[PDB]
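First up is the structure itself, then whatever we jot down about it.
2 protein chains.
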Amino acid sequence: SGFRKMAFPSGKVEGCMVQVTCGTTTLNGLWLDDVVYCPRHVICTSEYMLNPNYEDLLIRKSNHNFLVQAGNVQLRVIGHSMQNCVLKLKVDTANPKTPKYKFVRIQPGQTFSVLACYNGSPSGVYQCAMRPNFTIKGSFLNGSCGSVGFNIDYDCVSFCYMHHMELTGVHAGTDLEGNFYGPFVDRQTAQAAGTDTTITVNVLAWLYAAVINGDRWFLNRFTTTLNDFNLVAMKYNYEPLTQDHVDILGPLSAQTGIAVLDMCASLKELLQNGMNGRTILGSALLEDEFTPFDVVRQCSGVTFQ
Amino acid sequence: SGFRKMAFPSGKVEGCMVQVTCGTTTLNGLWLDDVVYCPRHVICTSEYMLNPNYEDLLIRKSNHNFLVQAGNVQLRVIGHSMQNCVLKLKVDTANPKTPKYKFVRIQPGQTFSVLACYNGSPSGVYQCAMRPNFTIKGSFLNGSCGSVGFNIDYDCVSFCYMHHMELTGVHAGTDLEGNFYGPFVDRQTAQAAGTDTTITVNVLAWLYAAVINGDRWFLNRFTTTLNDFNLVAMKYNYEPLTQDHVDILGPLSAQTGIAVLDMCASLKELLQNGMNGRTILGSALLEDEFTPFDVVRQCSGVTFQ
Ligand SMILES: *C(=N)[C@H](C[C@@H]1CCCNC1=O)NC(=O)[C@H](CC1CC1)NC(=O)c1cc2cccc(Cl)c2[nH]1
Ligand SMILES: *C(=N)[C@H](C[C@@H]1CCCNC1=O)NC(=O)[C@H](CC1CC1)NC(=O)c1cc2cccc(Cl)c2[nH]1
Ligand code: NA
Ligand code: NA
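Respectively, the protein sequence lines represent chains A and B. When you line the first sequence up against full-length UniProt numbering, it's residues 3264 to 3430, 3432 to 3569, in that order. When you line the second sequence up against full-length UniProt numbering, it's residues 3264 to 3430, 3432 to 3569, in that order.
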């Protein structure tokens, strides 16, 4: 028992991380087979951070302006191209530690692990959710650009995020095809993150984890309907709940014998009176960065190889 | 910026994890050079979980009763011995992925990463603190015995914890020399964890992290003394504060320009009036599982290779 914010084991990703330097800018890249992926803003200078024209900047480069280092070894860049907001650097050596991988774009509410890196060197791993406003609440210092987010499916690494910038305390990036999450661009403009909301299906999954781990004080005998629940959620900036969400919570309902709409009635109450100084799984706030699948994984115990 | 519960990258440990079976019991082992380390209770059955005599149980075994599997490969056990509460299984093949390592015993208040494993397969990584009562608040299901806790110092893995049991919701284990943290034994008795307290120097480190990240609302103009502070801490089950702790917080005081005893005055106030519905770094409780070093690492950015 117990319940922690748990990240995927990162070994498979650590072996893909490299350092990419162009000019006086150094950041991280992802080396899979014979391609290094990194944020295209590595080709920027100071003059072009406000209004860059990346096609122009790229045409003025040649392969030898790109220093790519895998630990000690240097990788020879033999070609380059741009795909949306990433740069693909073709190198002379295929990474022998290339895992089985795929590139997937995630949806708001889903969680992933981030391997934070500096100078191509892994520093820390943590779990976060993609927020409804398409940012993540990460932990990133200067030089972390190119750090990746990922999930593991059995033996397969699904890369879903590459870090590009910080915007007023939160973080924005792209999928691995270079397309931004959210309405952001990789230049200096007046862009800000929109209003965030709380991910309701994740809060319910976490309340089930609490029950599984013996925290029951917030339960009550009432039931509610999707529509009466969603009527109260909207007042509190909670995402509305769909029948799809009810179905996804099925396994957890089964294992605890508490119907989803039963548990919604407890959530309704918590929204209207607060916690009154009580805690749930060691938190005094309602936690929304665990998906139903995260809970099952952690409260039933699936592994990966 | 941002602040997360961040674990060490686990690649270096993942390559040491193996599966150990004896009889109908399967759990995890740590394979370093040509020795596999695992909890000695793998030699127990049902009859001997209450009052085992491990020396007797071990003499009745031979090397071939130990099935050790590293993924697919089987490792031939060529010798065994017991060291306190661990078993050391000598195997015919030295692990080629043995990192530079050492065995260290940690103190209450210090943090480490846990690589939770099942059947020798890594499942998740998370950060936790050794509590003042010598337990950890982990997340572990049946079969996680032998999972290890570790820190990384540059290129060197310091193993500090091997998981042995769950005791009423929390977790207890040994160092890698087989000596228990805390007054626990690896048998079924009436043992329970003693009273826990809050790790004050860690709370102060976290308040500094908050300031570094722009949360300043709890600061005030007052100062206090070690003795007046510790007088209030004791009422709230906070560990007393020493001059050693003040010195360790030095770097953080320097970087924020807030003296330690200054920050203690803010903590005093928070203890006496609570948060009044406000949050600090996204928490509504005072967090004590980040050490001063964790904060510096995360709010300044040291890496490892
Ligand atoms: C990538 N290496 C770097 C990481 C940033 C730096 C700030 C703290 N954390 C991070 O995630 N980001 C970077 O170079 C981008 C590049 C953009 C495309 C032009 N810029 C920023 O994220 C950035 C710069 C500044 C300056 C002042 C205030 C803020 Cl919020 C900034 N964000
Ligand atoms: C090791 N594989 C296993 C892991 C435990 C199982 C319970 C949930 N989480 C864990 O960490 N633990 C194990 O075999 C030990 C062995 C001891 C030395 C004899 N036992 C327990 O941790 C255990 C068994 C039970 C039964 C009922 C209640 C509790 Cl708290 C128990 N703890
Ligand atoms: Na109810
Ligand atoms: Na003060």
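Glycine is no exception: its CB is placed at the ideal position from the N, C-alpha and C atoms.
| query | Could you give the distance in angstroms between the alpha-carbon of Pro3362/B and the alpha-carbon of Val3283/B? | reply | 21 Å
| request: Could you pull out every residue in the same chain whose Cβ sits closer than 7 Å to the Cβ of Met3345/A, ignoring the five residues on either side in sequence? | output: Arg3303, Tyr3317, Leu3321
| query | Less than 7 Å between the CB of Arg3451/B and some heavy atom of ligand 2, yes or no? | reply | yes
| query | Cβ of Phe3403/B versus every heavy atom of ligand 2: is any distance shorter than 7 Å? | reply | yes
| query | Listing by chain order, which chain A residues have their CB less than 9 Å from the CB of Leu3321/B? | reply | Simply none; closest approach about 29 Å.
| field | Cβ-based burial, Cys3419/A [other Cβ within 10 Å; buried from 16] | value | exposed
| Can you find a heavy atom of ligand 5 that lies under 7 Å from the Cβ of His3435/A? | As far as ligands go, the structure on display features ligand 1, ligand 2, ligand 3 and ligand 4 and does not contain ligand 5.
| Would the beta-carbon of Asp3526/B be found less than 7 Å away from any heavy atom of ligand 4? | yes
| request: Along the beta strand (DSSP E) that carries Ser3376/A, what are the first and last residues, could you check? | output: 3374-3381
| field | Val3298/A versus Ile3341/A - alpha carbon distance | value | 10 Å
| Applying a beta-carbon distance threshold of less than 8 Å, which residues of chain B neighbour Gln3562/A? | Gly3387, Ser3402
| Any heavy atom of ligand 2 closer than 7 Å to the Cβ of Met3428/B? | yes
| request: Could you tell me whether any Cβ in chain B is nearer than 8 Å to the Cβ of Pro3395/A? | output: no
| What do you reckon, are the CB atoms on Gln3373/B and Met3269/B nearer than 8 Å? | no
| task | Verify the contact flag: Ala3497/B, CB atom, against every heavy atom of ligand 4, threshold strictly below 7 Å. | result | no
| Distance, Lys3351/B Cα to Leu3545/A Cα | 37 Å
| query | For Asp3416/B, which of helix, strand or coil comes out of DSSP? | reply | strand
| field | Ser3530/A beta carbon near ligand 3 (any heavy atom closer than 7 Å) | value | yes
| query | Do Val3560/B and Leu3516/B have their CB atoms nearer than 8 Å? | reply | yes
| message | Using 8 Å for Cβ pairs, my map puts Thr3432/A next to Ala3456/A. What's the rounded Cβ distance? | response | 6 Å
| field | Nearest-angstrom Cα separation, counted from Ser3386/A out to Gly3406/A | value | 12 Å
| task | Provide the residue(s) that pair with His3427/B in DSSP beta bridges, ordered along the chain. | result | Looking at the DSSP assignment, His3427/B forms no beta bridge with any residue, so it has no partner.
| task | Note down the Cα distance separating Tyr3424/A from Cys3279/A, rounded to an integer number of angstroms. | result | 14 Å
| query | What residues of chain A sit near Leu3549/B, judged by a beta carbon separation below 9 Å? | reply | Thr3543, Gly3546, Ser3547, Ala3548, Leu3549
| field | Where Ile3544/B sits in the DSSP three-state scheme | value | strand
| Nearest candidate by alpha-carbon position, reference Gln3519/B, set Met3539/B, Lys3532/B, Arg3368/B, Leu3471/B | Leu3471/B
| request: Tell me whether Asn3484/B counts as near ligand 4, meaning its Cβ is closer than 7 Å to at least one heavy atom of that ligand. | output: yes
| task | Answer with yes or no whether the minimum CB distance from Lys3268/A to chain B is below 8 Å. | result | yes
| message | I need the straight-line Cα distance from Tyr3502/B to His3343/A, nearest angstrom please. | response | 57 Å
| Less than 7 Å between the CB of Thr3432/B and some heavy atom of ligand 2, yes or no? | yes
| said: Less than 6 Å between C-beta atoms, sequence neighbours within five positions excluded: which residues of the same chain meet that for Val3467/A? | reply: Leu3550, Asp3552
| Looking only at DSSP bridge pairs, what is residue 3571/A linked to? | A question about residue 3571/A goes unanswered here, because the residues of chain A that appear run from 3264 up to 3569.
| field | Residue-level contact to chain B via CB, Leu3378/A, 8 Å cutoff | value | yes
| Should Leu3440/B and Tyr3311/B be called a contact, given that it needs their Cβ atoms to be closer than 8 Å? | no
| According to DSSP, what are the bridge partners of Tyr3300/A? | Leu3293/A, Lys3351/A
| said: Is any non-hydrogen atom of ligand 2 found closer than 7 Å to the C-beta of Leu3321/B, if you look at the structure I gave you? | reply: no
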